[PDB]
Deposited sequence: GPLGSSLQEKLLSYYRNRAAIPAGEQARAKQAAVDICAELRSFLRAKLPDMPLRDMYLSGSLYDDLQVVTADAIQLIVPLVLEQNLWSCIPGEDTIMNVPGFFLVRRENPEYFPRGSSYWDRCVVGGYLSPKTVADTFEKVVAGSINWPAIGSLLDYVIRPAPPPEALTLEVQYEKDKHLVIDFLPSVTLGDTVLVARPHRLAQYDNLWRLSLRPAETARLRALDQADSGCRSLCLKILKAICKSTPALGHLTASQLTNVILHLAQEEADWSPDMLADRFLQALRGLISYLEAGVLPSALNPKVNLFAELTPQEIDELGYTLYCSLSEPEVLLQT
């Protein structure tokens, strides 16, 4: 039965071994601690809060292997010197992306904020911030030595990413993610795929999506997360489905969760099939709205050939969904 194949596939393929998960998290934590001592000693005058770990691995949503985690690099912006402008209120009209504008330049001249050194054309550039960060922070750390202290080999790559070998044949990729918060709005420097939109900060969706997902299950107590992890593992293991993202898949689950309230254990097979059908529907329309930010098309960064290959692969699977479940 499909139900059995899904249950066993989660344990056999999607679930990360406990030892591997613990060692990957410990390595992330040790490295996070090292940046903290580094910032304290070397950058006392840069308005940046401490870096901290974030992501699927931490949220127990990572699958197959523990291979990635984010280190958020939280810039401090003066609330009276900066504002954010929603991409849909601009002429570029890019929902889910924001400009960060330098305010009051007549009264507060350049130098009134540390981050003025990353302003281009009156906007805090996410590209220059990212560059600034690597040159001032990332390139200033003796990774080989720190790697020697712990028993990891650490290798800077994708220049804002670290490869950390925490086991034989197991590596964790840590990416540094510059971030700003203005009022209630959290923005990250994760560039749009299109370089013409490269002064645009990305609205941070993942923490709220993960929160809502955890909330939905914690009261059920349902198999949404279980279904999501199976989907993530499938896409990660199937080269033609690799373009789908953890966030896209979470949103497919979130939209399905608004149309179906029963996620009891035995419903996993049906929901799984519904998730496949929802994905096809979104792919054909070329539109997958963010469940929490309806203006935002999460498929807006996929290319025609990608949407086509994705659509085709799922179609070919409809009659025999179990073929996606290779383990």
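Residues of the deposited sequence lacking C-alpha coordinates, numbered from 1, fall in the stretches 1-5, 163-165.
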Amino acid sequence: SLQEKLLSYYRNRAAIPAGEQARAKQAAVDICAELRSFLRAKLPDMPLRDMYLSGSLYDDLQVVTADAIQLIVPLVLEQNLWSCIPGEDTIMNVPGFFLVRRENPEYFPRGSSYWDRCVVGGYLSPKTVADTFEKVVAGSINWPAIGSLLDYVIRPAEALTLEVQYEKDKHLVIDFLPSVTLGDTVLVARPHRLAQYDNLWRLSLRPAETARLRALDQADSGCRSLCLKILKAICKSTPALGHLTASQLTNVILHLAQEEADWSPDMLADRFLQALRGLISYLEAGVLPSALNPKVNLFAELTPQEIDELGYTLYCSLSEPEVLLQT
From here on, numbers count along this sequence of modelled residues.
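As recorded in the PDB entry, 141-149 is the stretch of 141-149 and 104-112 with the greater mean C-alpha temperature factor.
When the two stretches 71-79 and 200-208 are set side by side, the higher mean Cα temperature factor goes to 200-208. Taking the PDB entry at face value, the top CA B factor among 215, 118, 228, 234 belongs to 215.
In the deposited coordinates, the residue among 157, 186, 85, 252 with the greatest CA B-factor is 157. In the deposited entry, the Cα temperature factor of residue 45 sits in the bottom third of values across the chain's modelled residues.
Ranked within its chain, residue 91 lands in the highest third, by CA B factor from the PDB record. Per-chain ranking of the deposited C-alpha B factor places residue 219 in the highest third. Annotation for residue 174: CA B-factor lies in the lowest third of the chain's modelled residues. When all modelled residues of the chain are sorted by CA temperature factor, residue 290 is found within the middle third.
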